[PDB]
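2 protein chains.
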Amino acid sequence: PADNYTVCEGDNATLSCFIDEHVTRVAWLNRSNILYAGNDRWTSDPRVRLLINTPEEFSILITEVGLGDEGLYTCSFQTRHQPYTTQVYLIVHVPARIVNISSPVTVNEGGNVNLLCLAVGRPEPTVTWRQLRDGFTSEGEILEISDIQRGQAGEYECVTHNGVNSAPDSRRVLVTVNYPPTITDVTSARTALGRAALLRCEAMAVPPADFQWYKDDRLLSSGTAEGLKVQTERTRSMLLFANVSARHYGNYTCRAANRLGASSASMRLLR
Amino acid sequence: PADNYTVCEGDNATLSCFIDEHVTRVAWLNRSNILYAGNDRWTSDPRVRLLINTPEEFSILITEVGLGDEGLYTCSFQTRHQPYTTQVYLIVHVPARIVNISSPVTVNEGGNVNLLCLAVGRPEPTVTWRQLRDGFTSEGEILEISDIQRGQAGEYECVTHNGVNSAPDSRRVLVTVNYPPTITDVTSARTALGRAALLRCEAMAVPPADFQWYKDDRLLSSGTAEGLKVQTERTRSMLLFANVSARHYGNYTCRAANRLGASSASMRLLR
Ligand SMILES: *[C@@H]1O[C@H](CO)[C@@H](O[C@@H]2O[C@H](CO)[C@@H](O)[C@H](O)[C@H]2NC(C)=O)[C@H](O)[C@H]1NC(C)=O
Ligand SMILES: *[C@@H]1O[C@H](CO)[C@@H](O)[C@H](O)[C@H]1NC(C)=O
Ligand SMILES: *[C@@H]1O[C@H](CO)[C@@H](O)[C@H](O)[C@H]1NC(C)=O
Ligand SMILES: *[C@@H]1O[C@H](CO)[C@@H](O)[C@H](O)[C@H]1NC(C)=O
Ligand SMILES: *[C@@H]1O[C@H](CO)[C@@H](O)[C@H](O)[C@H]1NC(C)=O
Ligand SMILES: *[C@@H]1O[C@H](CO)[C@@H](O)[C@H](O)[C@H]1NC(C)=O
Ligand SMILES: *[C@@H]1O[C@H](CO)[C@@H](O)[C@H](O)[C@H]1NC(C)=O
Ligand SMILES: *[C@@H]1O[C@H](CO)[C@@H](O)[C@H](O)[C@H]1NC(C)=O
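Chains as they are written, first to last, in this note's numbering: chain A, 6 to 276; chain B, 6 to 276.
Encoded structure:
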């Protein structure tokens, strides 16, 4: 004979106590504490309000329910002959929400990464991790990634839910792995005299590779002297040749290096 | 936080609740049922009466406490600011008392006797048997005596207690062993003529042995004829001879007999 009255936190709880005509006295109680005895306010809490005092039902109201309001409320009333009690157990449901999540982390390829997602809620919320680029789901507060590769990098989303009608409140974290440059594309030019030409290197790196060009032994300085100018991009570096020059012909090597490694390839310029 | 108020069954229980001046409301509660709210009677039981309504203490009384009154009584009261509770747990003690005990028993020596002492009480009382004359104790509701002897006869006391502040209510039973008479002492007289003499026998028996005197063949009748008079006691019987007589000289036999046996010894009267 213990009924369950579950409410979502912050809402209004209404406690009705239905009685017959022949009731001598009636009151609602907080655990063992009296709130209202008939028209008598016992509780000094301004949230406890009296809704209905009909000789057929005796109903009160609790405004702004908190976690401290969880308890056993009884409605002890009396007839001319025998006493009575009808009890109701108040349960507060806190909707699930993420309270702490890992900061945007950066690691080197082949590293070991641990992501934590702390979420609170009544009942116990279910924390679930997810990778945006690739669909992988792990039902756990923490997620570890051992010897991560470049493709596994991206945004990692945490979602939590306690099954309530409330929204899950998912949040995302971006993981960026560092990898050394590997030269994917190399172009060589063998052009005739009079026409412009260009050499290029494609090496993708994080942090973006610092590209170095080498003419045989020496390296280029991107100066107007010798009529050469290099254009640097995040994933490429084009070596541009204005007009032509007799000396410009020869072996060339580019070098792409970041903090994690280096790479180099040799291309030529012929006629 | 929880006090114990143990009462013996049938007495008066009084529940005081001491409060300061700044109390908006006050009430006593039996479990979750309101008994008295201020000056307002909630309980329909005429045994609950309100003794004191001082703004300093709020005390009620329960007349004729029963086992059904055992419970947790709380005093929920209110100040202008916060509620309060001071609780009291009612405990009923049934005092130990003997309801059945053995009647005064009689047995023959070497017999087997069983004495039972049935005692009631909550909690379960501890029954202990005891021998009054000689210190012997048996911690058991029943006491058995194998091959009962003469010295073991006497009063056997039963005592029971439940540890309460109540009295032990001890009772006694008398055990009387019957034993046949065994003649312990016999005296013969060899007196001269003119002087008085006496014969006696000592045989203790229960029930007291009926002593018989025999002069040679015949038996004495304690008559003034022949000048003889016998004095019989519980443990002895003296055969008294006043002055002398020629016929008085000769063999004599005494006999002590009860319900369990007889005994006889031969003494003489010489010159
Ligand atoms: C019954 O009344 C007591 C009064 O102390 C409540 O206890 C406090 O309630 C408030 C608000 O809910 C909390 O902030 C406090 O932490 C609680 N404890 C104390 C020591 O003040 C109790 O919650 C009430 N019970 C119900 C079911 O309403
Ligand atoms: C009330 O809630 C408790 C705790 O979840 C549960 O054990 C019980 O079965 C519930 N009763 C009802 C009637 O829902
Ligand atoms: C709760 O009651 C207050 C008081 O009337 C009202 O303003 C509020 O809108 C109510 N909220 C809900 C969710 O019932
Ligand atoms: C390229 O050739 C044009 C035409 O002959 C000339 O005007 C210009 O100066 C040359 N520039 C370079 C960098 O050689
Ligand atoms: C330059 O390239 C040519 C042709 O590929 C090669 O023969 C020569 O060894 C390279 N190096 C130098 C310094 O000329
Ligand atoms: C009441 O009795 C229990 C049981 O022994 C004890 O733990 C508690 O301290 C007692 N309370 C008081 C106020 O004596
Ligand atoms: C106990 O309660 C009875 C109830 O009738 C009352 O008459 C009596 O005065 C009370 N006090 C004592 C000491 O018996
Ligand atoms: C107290 O409550 C119990 C249980 O409901 C009930 O049996 C008893 O009669 C009530 N009154 C007293 C004085 O114990």
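Yeah, the Cβ is synthetic: ideal placement off N, Cα and C, and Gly gets one too.
Against residue i, what residues of chain B qualify as contacts under a CB-to-CB distance less than 9 Å, listed in chain order?
i       : result
A:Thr90 : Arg36, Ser37, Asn38
A:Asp25 : In chain order: nothing, as chain B lies at least about 16 Å away.
A:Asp8  : Going along chain B, no residue has its Cβ under 9 Å from A:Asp8, so there is no contact; the nearest lies around 15 Å.
At 9 Å on the CB atoms, spell out the chain A contacts of residue i, in chain order.
i       : result
B:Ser49 : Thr29, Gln83, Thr84, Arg85, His86, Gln87, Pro88
Please tell me whether, using a cut-off of 6 Å, the distance from the CB of residue i to the nearest non-hydrogen atom of ligand 8 is below it.
i       : result
B:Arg36 : yes
B:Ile67 : yes
B:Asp45 : no
Which residues in chain A sit within 7 Å of residue i, going by Cβ to Cβ distance?
i       : result
B:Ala42 : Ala42
With hydrogens ignored, establish whether the beta-carbon of residue i is closer than 6 Å to any heavy atom of ligand 3.
i        : result
B:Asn167 : no
A:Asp16  : yes
Along chain A, in chain order, which residues have C-beta atoms closer than 8 Å to that of residue i?
i       : result
B:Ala32 : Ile39, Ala42
Say the cut is 6 Å; is the CB of residue i nearer than that to a heavy atom of ligand 1?
i       : result
B:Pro88 : yes
A:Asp74 : yes
A:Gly71 : yes
When every heavy atom of ligand 5 is checked, does at least one fall within less than 6 Å of the C-beta of residue i?
i        : result
A:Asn256 : yes
Consider the C-beta atom of residue i and the heavy atoms of ligand 4; say whether any pair is separated by less than 6 Å.
i        : result
A:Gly232 : yes
A:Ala247 : yes
Note down, in chain order, every chain B residue with its Cβ under 7 Å from the Cβ of residue i.
i        : result
A:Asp139 : Result: empty, since nearest Cβ-Cβ is about 57 Å, beyond 7 Å.
Identify the contact partners of residue i in chain B, using a Cβ-Cβ distance below 8 Å as the criterion.
i       : result
A:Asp16 : Residues of chain B passing the Cβ test: none, with the nearest at roughly 23 Å.
Using a Cβ-based criterion (distance less than 6 Å to any ligand heavy atom), does residue i qualify as near ligand 6?
i        : result
B:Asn170 : no
B:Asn105 : no
Q: Taking only beta carbons into account, state which residues of the segment 75-88 of chain B come closer than 7 Å to chain A, listed in chain order.
A: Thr79, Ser81, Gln83, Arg85, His86, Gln87, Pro88
Q: Ignoring anything shorter than 3 residues or poking outside the segment 155-214 of chain A, list the beta strand (DSSP E) runs there in chain order.
A: With a minimum length of 3 residues, the continuous beta strand (DSSP E) runs that stay inside the segment 155-214 of chain A are 159-166, 176-192, 202-211.
**Q.** Members of the segment 163-180 of chain A that neighbour chain B once the beta carbon cut-off is set at 7 Å
**A.** So nothing in the stretch comes that close.
Q) Got a list of residues with beta-carbon closer than 7 Å to any non-hydrogen atom of ligand 6, in chain order? A) The answer, residue by residue, is B:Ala7, B:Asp8, B:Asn9, B:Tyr94.
Q) Of all the beta strand (DSSP E) runs that stay within the bounds of the segment 208-264 of chain A, which reach a length of 3 or more residues? A) 215-220, 233-237, 241-246, 255-262
Q) Fully enclosed by the segment 69-125 of chain B, which beta strand (DSSP E) runs are 3 residues long or longer? A) 76-83, 88-106, 111-113, all fully within the segment 69-125 of chain B.
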